[PDB]
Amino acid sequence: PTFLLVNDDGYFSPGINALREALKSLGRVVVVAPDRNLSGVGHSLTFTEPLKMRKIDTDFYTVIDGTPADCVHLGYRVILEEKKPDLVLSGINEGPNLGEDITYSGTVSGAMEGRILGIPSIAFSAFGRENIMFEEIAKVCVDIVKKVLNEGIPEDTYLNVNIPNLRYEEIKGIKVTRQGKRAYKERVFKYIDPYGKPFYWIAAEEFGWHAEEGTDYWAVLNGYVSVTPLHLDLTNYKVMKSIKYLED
């Protein structure tokens, strides 16, 4: 098998490297990843500027200022010569991608792009902040990839996986989950600047205090891997009949 592996943190990040090393036992890992951390910025496909892509080593390429989307598309069309890999994999992200924040994630968008191209795809993110054990986390990622190669991913779906920052042997198990609503309370704090004008800080309070069993958040907060099947197609087909009044 062959995997196209991308990320959002950069080709040098411990998370993509840990995953690449672990995956070698299942097949050929072809890395195409940004040359910098793009977590904070745009993730769309670049149509209107060109992109440098440089070979770091055999099957290991970087796209200079390339988004995960750019990496997936250049990986597939240029590096793999339009031969679909078995999987597109994105991660392991340096931090979680849970709940409503999935929409803004570059790691998730890499997997989405693979699925747009007709390739089964998985995003992997670490649920931790400090001293993340990426080599431990990679072990469960590889367990998942092995099973997916055997059994496959259902229609109109790609997988969003979050792994607790635990040693492999301490992971409680793997749970299929739904996307949660934000597992925190939002509070805005007001300040006055040196010139007398207001400014604000949006604070996240009480993280996970009210996590609902069945959600991605609850799984990882409790020591389980979360695997959420995401729709590729965002259309709410069921409810179209209820907005046909707009056509009148």
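When you see a residue number, it is the position in the sequence shown, counting from 1.
Taking the mean C-alpha B-factor of each stretch as recorded, 139 to 147 and 106 to 114 are not equal, and the higher mean is that of 139 to 147. A summary of the deposited B-factors shows that, of 206 to 214 and 38 to 46, the stretch with the larger mean C-alpha value is 206 to 214. Remark: of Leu166, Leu89, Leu159, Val72, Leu166 shows the highest value [criterion: C-alpha B-factor in the PDB entry].
Among all modelled residues in this chain, the alpha-carbon of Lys84 has a temperature factor (C-alpha) in the middle third. Annotation for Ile174: CA B-factor lies in the middle third of the chain's modelled residues. In this PDB entry, the Cα temperature factor of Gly180 sits in the middle third of its chain's modelled residues. Ranked against the other modelled residues of its chain, the C-alpha B-factor of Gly66 as given in the entry falls in the middle third.
When the modelled residues of the chain are ordered by C-alpha B-factor, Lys52 sits in the middle third.
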